[PDB]
file final_27.cif (mmCIF, C-alpha atoms and all ligand atoms)
data_run
#
loop_
_atom_site.label_atom_id
_atom_site.label_comp_id
_atom_site.auth_asym_id
_atom_site.auth_seq_id
_atom_site.Cartn_x
_atom_site.Cartn_y
_atom_site.Cartn_z
CA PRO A 1 110.10 152.83 -53.79
CA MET A 2 107.06 154.11 -51.89
CA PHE A 3 107.04 156.50 -48.94
CA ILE A 4 103.87 157.15 -46.92
CA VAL A 5 103.53 159.69 -44.07
CA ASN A 6 100.45 159.73 -41.82
CA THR A 7 100.37 162.72 -39.49
CA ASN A 8 98.15 164.80 -37.23
CA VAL A 9 99.71 167.98 -38.67
CA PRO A 10 96.96 169.92 -40.50
CA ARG A 11 96.77 170.04 -44.29
CA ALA A 12 97.54 173.76 -44.49
CA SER A 13 100.89 173.12 -42.75
CA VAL A 14 102.08 170.79 -45.54
CA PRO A 15 104.10 173.17 -47.74
CA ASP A 16 103.69 173.40 -51.48
CA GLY A 17 106.42 171.38 -53.11
CA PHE A 18 106.67 168.82 -50.28
CA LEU A 19 105.73 165.85 -52.50
CA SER A 20 108.28 166.93 -55.12
CA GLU A 21 110.98 167.38 -52.47
CA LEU A 22 110.29 163.92 -51.04
CA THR A 23 110.45 162.48 -54.56
CA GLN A 24 113.82 164.03 -55.38
CA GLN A 25 115.36 163.29 -51.99
CA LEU A 26 114.23 159.65 -52.02
CA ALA A 27 115.43 159.18 -55.60
CA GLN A 28 118.84 160.40 -54.47
CA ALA A 29 118.82 158.31 -51.27
CA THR A 30 117.71 155.01 -52.86
CA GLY A 31 119.79 155.41 -56.03
CA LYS A 32 116.67 154.69 -58.18
CA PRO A 33 115.24 156.93 -60.93
CA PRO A 34 112.62 159.44 -59.76
CA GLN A 35 110.17 157.84 -62.20
CA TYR A 36 109.86 154.90 -59.78
CA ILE A 37 109.38 156.92 -56.57
CA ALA A 38 105.86 157.17 -55.12
CA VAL A 39 105.05 159.50 -52.22
CA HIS A 40 101.88 159.85 -50.16
CA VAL A 41 101.15 162.35 -47.38
CA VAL A 42 98.06 162.03 -45.15
CA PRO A 43 97.51 165.02 -42.83
CA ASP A 44 94.80 165.77 -40.25
CA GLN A 45 94.94 162.28 -38.74
CA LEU A 46 93.54 161.24 -35.35
CA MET A 47 96.67 159.75 -33.81
CA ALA A 48 98.76 159.75 -30.63
CA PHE A 49 102.40 158.94 -29.91
CA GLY A 50 103.36 158.05 -26.35
CA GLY A 51 99.81 158.92 -25.30
CA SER A 52 100.24 162.48 -26.58
CA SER A 53 98.51 164.26 -29.48
CA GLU A 54 101.36 166.70 -30.05
CA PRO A 55 102.59 166.58 -33.68
CA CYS A 56 103.75 163.10 -34.69
CA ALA A 57 104.09 160.92 -37.77
CA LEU A 58 103.72 157.23 -38.62
CA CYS A 59 105.51 156.41 -41.86
CA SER A 60 106.60 153.57 -44.08
CA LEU A 61 109.20 153.09 -46.79
CA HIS A 62 108.82 150.11 -49.12
CA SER A 63 111.45 149.28 -51.72
CA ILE A 64 112.60 146.33 -53.80
CA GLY A 65 116.03 146.15 -52.19
CA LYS A 66 117.97 149.19 -50.97
CA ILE A 67 116.78 148.29 -47.44
CA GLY A 68 119.18 147.34 -44.67
CA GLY A 69 120.83 148.31 -41.42
CA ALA A 70 123.03 151.22 -42.45
CA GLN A 71 120.75 152.27 -45.30
CA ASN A 72 117.74 152.49 -42.97
CA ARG A 73 119.72 154.55 -40.46
CA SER A 74 120.53 156.99 -43.27
CA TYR A 75 116.91 157.07 -44.49
CA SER A 76 115.74 157.75 -40.93
CA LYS A 77 118.09 160.72 -40.56
CA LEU A 78 117.00 162.06 -43.96
CA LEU A 79 113.27 161.58 -43.46
CA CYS A 80 113.13 162.75 -39.84
CA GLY A 81 115.08 165.80 -40.98
CA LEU A 82 112.52 166.54 -43.69
CA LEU A 83 109.58 166.01 -41.33
CA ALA A 84 111.16 168.31 -38.72
CA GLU A 85 112.07 171.07 -41.18
CA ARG A 86 108.91 171.02 -43.31
CA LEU A 87 106.17 169.74 -40.95
CA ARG A 88 107.66 170.84 -37.60
CA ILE A 89 107.46 167.28 -36.21
CA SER A 90 110.05 166.32 -33.62
CA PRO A 91 112.16 163.30 -34.71
CA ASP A 92 111.39 161.55 -31.40
CA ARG A 93 107.71 161.55 -32.40
CA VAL A 94 108.25 159.77 -35.73
CA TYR A 95 108.17 156.06 -36.49
CA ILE A 96 109.23 154.76 -39.92
CA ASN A 97 108.64 151.10 -40.81
CA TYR A 98 110.92 149.79 -43.57
CA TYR A 99 109.94 146.95 -45.93
CA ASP A 100 112.28 145.12 -48.31
CA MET A 101 109.79 143.85 -50.92
CA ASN A 102 110.44 140.91 -53.22
CA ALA A 103 109.98 141.83 -56.88
CA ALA A 104 107.35 139.11 -57.31
CA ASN A 105 105.28 140.80 -54.57
CA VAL A 106 105.08 144.24 -56.22
CA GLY A 107 102.47 144.73 -58.92
CA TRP A 108 102.80 147.47 -61.54
CA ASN A 109 101.65 147.99 -65.13
CA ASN A 110 99.40 144.88 -65.30
CA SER A 111 102.13 142.53 -64.01
CA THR A 112 104.79 142.40 -61.29
CA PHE A 113 108.46 143.33 -61.21
CA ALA A 114 109.51 139.65 -61.12
CA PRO B 1 104.37 149.31 -30.93
CA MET B 2 102.04 150.87 -33.50
CA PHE B 3 98.29 150.17 -33.81
CA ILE B 4 96.21 151.45 -36.74
CA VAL B 5 92.46 151.03 -37.20
CA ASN B 6 90.62 151.96 -40.41
CA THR B 7 86.84 151.85 -40.11
CA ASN B 8 83.63 152.92 -41.80
CA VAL B 9 82.27 153.98 -38.38
CA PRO B 10 81.79 157.79 -38.44
CA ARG B 11 84.05 160.15 -36.52
CA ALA B 12 81.30 161.20 -34.09
CA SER B 13 80.92 157.55 -33.03
CA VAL B 14 84.56 157.34 -31.88
CA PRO B 15 84.24 158.09 -28.15
CA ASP B 16 86.30 160.69 -26.34
CA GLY B 17 89.31 159.07 -24.68
CA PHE B 18 89.63 156.22 -27.18
CA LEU B 19 93.22 156.93 -28.27
CA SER B 20 94.30 157.02 -24.61
CA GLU B 21 92.49 153.78 -23.81
CA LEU B 22 94.20 152.10 -26.77
CA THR B 23 97.59 153.46 -25.64
CA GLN B 24 97.12 152.19 -22.08
CA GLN B 25 95.80 148.74 -23.00
CA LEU B 26 98.45 148.18 -25.67
CA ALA B 27 101.20 149.20 -23.24
CA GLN B 28 99.95 146.59 -20.79
CA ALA B 29 99.43 143.93 -23.48
CA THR B 30 102.84 144.33 -25.16
CA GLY B 31 104.95 144.95 -22.06
CA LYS B 32 106.24 148.21 -23.50
CA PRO B 33 105.62 151.51 -21.68
CA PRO B 34 102.98 153.98 -22.95
CA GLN B 35 105.85 156.17 -24.18
CA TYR B 36 106.57 153.66 -26.96
CA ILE B 37 102.94 153.16 -28.10
CA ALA B 38 101.56 154.89 -31.20
CA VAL B 39 97.85 154.68 -32.07
CA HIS B 40 95.99 155.86 -35.16
CA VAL B 41 92.24 155.76 -35.82
CA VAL B 42 90.81 156.48 -39.27
CA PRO B 43 86.99 156.73 -39.33
CA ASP B 44 84.53 157.49 -42.14
CA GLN B 45 86.21 155.07 -44.54
CA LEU B 46 84.72 153.63 -47.72
CA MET B 47 85.07 149.92 -46.97
CA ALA B 48 83.16 146.64 -47.12
CA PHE B 49 83.60 143.29 -45.39
CA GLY B 50 81.98 140.25 -46.98
CA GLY B 51 80.38 142.58 -49.52
CA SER B 52 78.52 144.40 -46.75
CA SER B 53 78.93 148.02 -45.62
CA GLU B 54 77.83 147.25 -42.05
CA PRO B 55 80.40 148.49 -39.50
CA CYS B 56 83.79 146.83 -39.98
CA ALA B 57 87.47 147.51 -39.35
CA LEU B 58 90.83 146.76 -40.97
CA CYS B 59 93.71 147.11 -38.53
CA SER B 60 97.45 146.62 -38.09
CA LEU B 61 99.68 146.02 -35.07
CA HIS B 62 103.44 146.37 -35.57
CA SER B 63 105.96 145.53 -32.84
CA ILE B 64 109.64 144.63 -32.54
CA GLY B 65 109.03 141.15 -31.19
CA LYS B 66 106.13 140.36 -28.86
CA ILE B 67 104.35 138.81 -31.85
CA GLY B 68 103.39 135.15 -32.03
CA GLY B 69 100.54 132.68 -31.98
CA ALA B 70 99.44 132.95 -28.37
CA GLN B 71 100.29 136.63 -28.05
CA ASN B 72 98.35 137.47 -31.22
CA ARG B 73 95.30 135.57 -29.99
CA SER B 74 95.46 137.64 -26.81
CA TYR B 75 95.89 140.92 -28.73
CA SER B 76 92.94 140.02 -30.95
CA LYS B 77 90.66 139.32 -28.00
CA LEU B 78 91.71 142.64 -26.44
CA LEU B 79 91.38 144.71 -29.61
CA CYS B 80 88.19 143.14 -30.93
CA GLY B 81 86.74 143.65 -27.46
CA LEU B 82 87.63 147.34 -27.54
CA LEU B 83 86.28 147.80 -31.07
CA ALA B 84 83.02 146.06 -30.13
CA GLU B 85 82.55 147.97 -26.87
CA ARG B 86 83.64 151.42 -28.07
CA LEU B 87 82.88 151.44 -31.81
CA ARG B 88 80.07 148.84 -31.89
CA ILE B 89 81.86 146.76 -34.53
CA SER B 90 81.13 143.03 -34.51
CA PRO B 91 84.36 141.04 -33.93
CA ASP B 92 83.63 138.89 -36.98
CA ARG B 93 83.89 142.06 -39.12
CA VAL B 94 87.43 142.94 -37.95
CA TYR B 95 90.74 141.93 -39.48
CA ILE B 96 94.02 142.70 -37.68
CA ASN B 97 97.33 142.14 -39.45
CA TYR B 98 100.25 141.50 -37.06
CA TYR B 99 103.81 142.43 -38.04
CA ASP B 100 106.93 141.32 -36.16
CA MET B 101 109.35 144.06 -37.19
CA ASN B 102 113.10 143.63 -37.18
CA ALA B 103 114.69 146.37 -35.08
CA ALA B 104 116.84 147.42 -38.05
CA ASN B 105 113.61 148.06 -40.01
CA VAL B 106 112.10 150.52 -37.50
CA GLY B 107 113.23 154.14 -37.64
CA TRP B 108 112.80 156.67 -34.83
CA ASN B 109 114.60 159.83 -33.71
CA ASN B 110 116.99 160.06 -36.70
CA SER B 111 118.15 156.43 -36.42
CA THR B 112 116.80 152.89 -36.09
CA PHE B 113 116.49 150.48 -33.18
CA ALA B 114 119.20 148.10 -34.47
CA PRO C 1 91.75 138.52 -48.26
CA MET C 2 91.96 142.31 -47.88
CA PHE C 3 92.47 144.84 -50.67
CA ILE C 4 93.21 148.52 -50.05
CA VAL C 5 93.56 151.22 -52.69
CA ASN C 6 94.80 154.72 -51.90
CA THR C 7 94.38 157.20 -54.74
CA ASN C 8 94.39 160.89 -55.60
CA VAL C 9 91.30 160.35 -57.77
CA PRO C 10 88.47 162.33 -56.12
CA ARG C 11 85.59 160.62 -54.33
CA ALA C 12 83.02 161.69 -56.94
CA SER C 13 85.04 159.86 -59.61
CA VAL C 14 84.74 156.53 -57.77
CA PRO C 15 81.70 154.95 -59.46
CA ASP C 16 78.80 153.39 -57.63
CA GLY C 17 79.38 149.67 -57.33
CA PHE C 18 83.19 149.83 -57.08
CA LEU C 19 83.58 148.11 -53.71
CA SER C 20 81.07 145.42 -54.72
CA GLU C 21 82.89 144.76 -58.01
CA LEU C 22 86.23 144.53 -56.19
CA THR C 23 84.72 142.09 -53.68
CA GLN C 24 83.25 139.81 -56.34
CA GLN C 25 86.29 139.89 -58.61
CA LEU C 26 88.69 139.24 -55.72
CA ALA C 27 86.58 136.32 -54.50
CA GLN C 28 86.78 134.93 -58.04
CA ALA C 29 90.52 135.61 -58.42
CA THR C 30 91.67 134.34 -55.01
CA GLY C 31 89.13 131.50 -54.89
CA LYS C 32 88.10 132.56 -51.38
CA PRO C 33 84.41 133.01 -50.44
CA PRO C 34 83.19 136.61 -50.80
CA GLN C 35 82.24 136.48 -47.11
CA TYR C 36 85.97 136.64 -46.29
CA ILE C 37 86.87 139.48 -48.71
CA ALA C 38 87.41 142.98 -47.30
CA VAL C 39 87.89 146.00 -49.56
CA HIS C 40 88.82 149.60 -48.76
CA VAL C 41 89.12 152.59 -51.11
CA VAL C 42 90.66 155.89 -50.00
CA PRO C 43 90.20 158.70 -52.56
CA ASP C 44 91.24 162.37 -52.50
CA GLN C 45 94.79 161.57 -51.38
CA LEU C 46 97.83 163.83 -51.64
CA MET C 47 100.20 161.62 -53.59
CA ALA C 48 102.62 161.56 -56.48
CA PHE C 49 104.05 158.79 -58.65
CA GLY C 50 107.29 159.27 -60.55
CA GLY C 51 107.28 163.03 -59.98
CA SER C 52 103.73 163.54 -61.30
CA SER C 53 100.49 164.09 -59.40
CA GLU C 54 98.29 162.84 -62.22
CA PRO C 55 95.99 159.95 -61.21
CA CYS C 56 97.84 157.12 -59.47
CA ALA C 57 97.21 154.41 -56.89
CA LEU C 58 99.11 152.75 -54.06
CA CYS C 59 97.47 149.47 -53.10
CA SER C 60 97.90 146.39 -50.90
CA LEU C 61 96.52 142.85 -51.16
CA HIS C 62 96.90 140.73 -48.01
CA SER C 63 95.92 137.07 -48.05
CA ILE C 64 96.56 133.92 -46.05
CA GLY C 65 98.05 132.02 -48.96
CA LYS C 66 97.00 132.48 -52.59
CA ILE C 67 100.06 134.73 -53.08
CA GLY C 68 102.89 133.88 -55.46
CA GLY C 69 104.64 134.76 -58.70
CA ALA C 70 102.03 133.77 -61.26
CA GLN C 71 99.08 134.51 -58.98
CA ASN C 72 100.37 138.02 -58.30
CA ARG C 73 100.85 138.68 -62.02
CA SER C 74 97.21 137.65 -62.54
CA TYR C 75 95.97 139.82 -59.67
CA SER C 76 97.93 142.77 -61.06
CA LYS C 77 96.36 142.42 -64.50
CA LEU C 78 92.88 142.17 -62.95
CA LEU C 79 93.32 145.05 -60.51
CA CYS C 80 95.17 147.43 -62.83
CA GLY C 81 92.43 146.71 -65.36
CA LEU C 82 89.75 147.70 -62.85
CA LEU C 83 91.63 150.83 -61.76
CA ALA C 84 92.07 151.90 -65.39
CA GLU C 85 88.47 151.19 -66.40
CA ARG C 86 86.73 152.56 -63.29
CA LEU C 87 89.11 155.23 -61.97
CA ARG C 88 90.95 156.15 -65.22
CA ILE C 89 94.35 155.45 -63.65
CA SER C 90 97.06 154.35 -66.05
CA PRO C 91 98.42 150.91 -65.08
CA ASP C 92 102.01 152.21 -65.08
CA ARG C 93 101.00 154.63 -62.28
CA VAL C 94 99.86 151.83 -59.92
CA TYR C 95 101.81 149.94 -57.29
CA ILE C 96 100.27 146.91 -55.55
CA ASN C 97 102.10 145.36 -52.60
CA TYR C 98 101.27 141.68 -52.03
CA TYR C 99 101.49 140.10 -48.56
CA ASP C 100 101.25 136.38 -47.86
CA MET C 101 100.12 136.46 -44.23
CA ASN C 102 100.68 133.60 -41.81
CA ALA C 103 97.35 132.51 -40.32
CA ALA C 104 98.67 133.17 -36.79
CA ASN C 105 99.38 136.79 -37.83
CA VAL C 106 95.78 137.62 -38.83
CA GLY C 107 93.35 138.47 -36.06
CA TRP C 108 89.62 138.07 -36.55
CA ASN C 109 86.65 137.38 -34.27
CA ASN C 110 88.55 137.72 -30.97
CA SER C 111 91.29 135.26 -32.02
CA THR C 112 93.47 134.51 -35.06
CA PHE C 113 93.02 132.28 -38.09
CA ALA C 114 95.60 129.80 -36.76
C1 LIG A 201 109.49 155.93 -28.40
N1 LIG A 201 110.61 155.70 -27.47
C2 LIG A 201 111.83 155.13 -27.98
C3 LIG A 201 111.92 153.63 -28.00
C4 LIG A 201 113.00 153.01 -27.39
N2 LIG A 201 113.14 151.65 -27.43
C5 LIG A 201 112.19 150.89 -28.08
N3 LIG A 201 112.34 149.53 -28.11
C6 LIG A 201 111.39 148.76 -28.75
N4 LIG A 201 111.52 147.42 -28.78
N5 LIG A 201 110.31 149.35 -29.35
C7 LIG A 201 110.16 150.71 -29.33
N6 LIG A 201 109.11 151.28 -29.92
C8 LIG A 201 111.11 151.50 -28.69
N7 LIG A 201 110.97 152.87 -28.65
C9 LIG A 201 110.71 156.49 -26.30
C10 LIG A 201 109.80 157.51 -26.08
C11 LIG A 201 109.90 158.30 -24.93
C12 LIG A 201 110.90 158.04 -24.01
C13 LIG A 201 110.99 158.89 -22.78
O1 LIG A 201 109.89 159.69 -22.43
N8 LIG A 201 112.11 158.89 -22.06
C14 LIG A 201 112.15 159.61 -20.79
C15 LIG A 201 113.28 159.10 -19.89
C16 LIG A 201 114.66 159.35 -20.49
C17 LIG A 201 115.24 158.07 -21.03
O2 LIG A 201 114.53 157.25 -21.65
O3 LIG A 201 116.46 157.81 -20.86
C18 LIG A 201 112.30 161.08 -21.02
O4 LIG A 201 111.89 161.91 -20.17
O5 LIG A 201 112.82 161.50 -22.08
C19 LIG A 201 111.82 157.02 -24.22
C20 LIG A 201 111.73 156.24 -25.38
#

call {"tool": "encode", "arguments": {"input": "final_27.cif", "output": "structure tokens", "more": "lines below"}}
Ligand SMILES: CN(Cc1cnc2[nH+]c(N)nc(N)c2n1)c1ccc(C(=O)N[C@@H](CCC(=O)O)C(=O)O)cc1
result
Amino acid sequence: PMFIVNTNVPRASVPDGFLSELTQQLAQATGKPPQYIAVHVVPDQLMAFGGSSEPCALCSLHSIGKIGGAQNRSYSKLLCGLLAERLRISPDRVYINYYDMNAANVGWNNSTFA
Amino acid sequence: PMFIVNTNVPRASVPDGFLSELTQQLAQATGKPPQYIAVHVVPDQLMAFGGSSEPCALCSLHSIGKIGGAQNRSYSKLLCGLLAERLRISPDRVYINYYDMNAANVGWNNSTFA
Amino acid sequence: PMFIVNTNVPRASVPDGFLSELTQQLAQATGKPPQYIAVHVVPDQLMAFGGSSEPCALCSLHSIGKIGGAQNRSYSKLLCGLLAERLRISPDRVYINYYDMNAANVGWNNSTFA
């Protein structure tokens, strides 16, 4: 799985250990080994949410499977909780786009997962 | 709806007010209120189009519905027009990927829109 | 086609010629004219892969057609090879998401490719 957060929160406000916390929490949430979890945080972005430049985040979670109605509700609670606690971003200023990827459409290690 | 633009145009060439103009015009174009619109501009990027480093842009528009052939032609005219007028990017050096998101695959405020 | 690479490798470690090589090799691999190839490299990113912040890359290839099982395996060998040779990223620390875009869902030059 791959989780990306783009945010206008400044770099210095991203706490040490945030990438490792995201890795462990997403490994637990997706049921996949941490070795497969990729995380990417992009601070200092020029972005607005609802016309406002107060703290916000635009995010995506891609996974081969483990994506669906109830699962995505759970991921949204988990990830909004982490963004609120660690980055001080209100959950109503976060969007997360979820992508269920087919194995043939994910390259890795000179091939794909197909 | 969520609109992202990545461009090699420098930050100082992004005019004041641009995020608000994008918010307003996308609200009108999609039929969703400004409150739902997120916009994200990423200047100073290392990118080429057709092998050339002349000004260019790679963009995304994500929406739950309101995506389709005629609508996407209209969005492209609107958004290429804005990028040409405000960022001086030729419309033939812009790509915009459109994504019709399922409500269950969009998270916000601790849940999803399903 | 459009290829994006996000990496924690620093900007100074991206060699001169990288975007040009990606453009030429992707034109060759996809069979599309280089005039239609867009490339984008984003170094200096805060990211981790599998619990490690050693060099890694999260990438996307979007194309109208030219996407499929065998084609994506070939692209992954080509692109992981380039990332290893030029950026010193191990191929097992690379993810590439492939997207077969409908022509009506790609804006360009004030319209779509439909
Ligand atoms: C971002 N959204 C949530 C929201 C709801 N439905 C959607 N439905 C679709 N199809 N797409 C998106 N993006 C949607 N987003 C959003 C943002 C701000 C207010 C808002 O300012 N509400 C007023 C009025 C209260 C109310 O909405 O009941 C307020 O003062 O809080 C509502 C919704």

call {"tool": "residues_near_ligand", "arguments": {"input": "final_27.cif", "ligand": "ligand LIG 201 (chain A)", "cutoff": "9 Å", "atoms": "all atoms listed in the file", "output": "list in words"}}
result
residues 49, 50, 92, 93, 94 and 95 of chain A; 1, 2, 32, 33, 34, 35, 36, 37, 38, 63, 64, 65, 66, 103, 106, 108, 109 and 113 of chain B

call {"tool": "residues_around", "arguments": {"input": "final_27.cif", "residues": "residue 8 of chain B", "least_positions_apart": "3", "cutoff": "7 Å", "atoms": "only C-alpha atoms", "output": "JSON, numbers by chain"}}
result
{"B": [43, 44, 45, 46, 47, 55, 56]}

call {"tool": "atom_distance", "arguments": {"input": "final_27.cif", "atom1": "atom CA of residue 27 of chain A", "atom2": "atom CA of residue 98 of chain A"}}
result
15.9 Å

call {"tool": "closest_residue", "arguments": {"input": "final_27.cif", "among": "B:7, B:74, B:41, B:53", "to": "residue 20 of chain B", "atoms": "all atoms listed in the file"}}
result
B:41

call {"tool": "closest_residue", "arguments": {"input": "final_27.cif", "among": "B:18, B:99, B:75, B:3", "to": "residue 112 of chain C", "atoms": "only C-alpha atoms"}}
result
B:75

call {"tool": "calpha_fit_rmsd", "arguments": {"input": "final_27.cif", "fixed": "chain B", "moving": "chain C"}}
result
0.2 Å

call {"tool": "residues_around", "arguments": {"input": "final_27.cif", "residues": "residue 90 of chain A", "least_positions_apart": "5", "cutoff": "10 Å", "atoms": "only C-alpha atoms", "output": "PyMOL selection string"}}
result
(chain A and resi 54-57+80-81+83-85) or (chain B and resi 109-110)
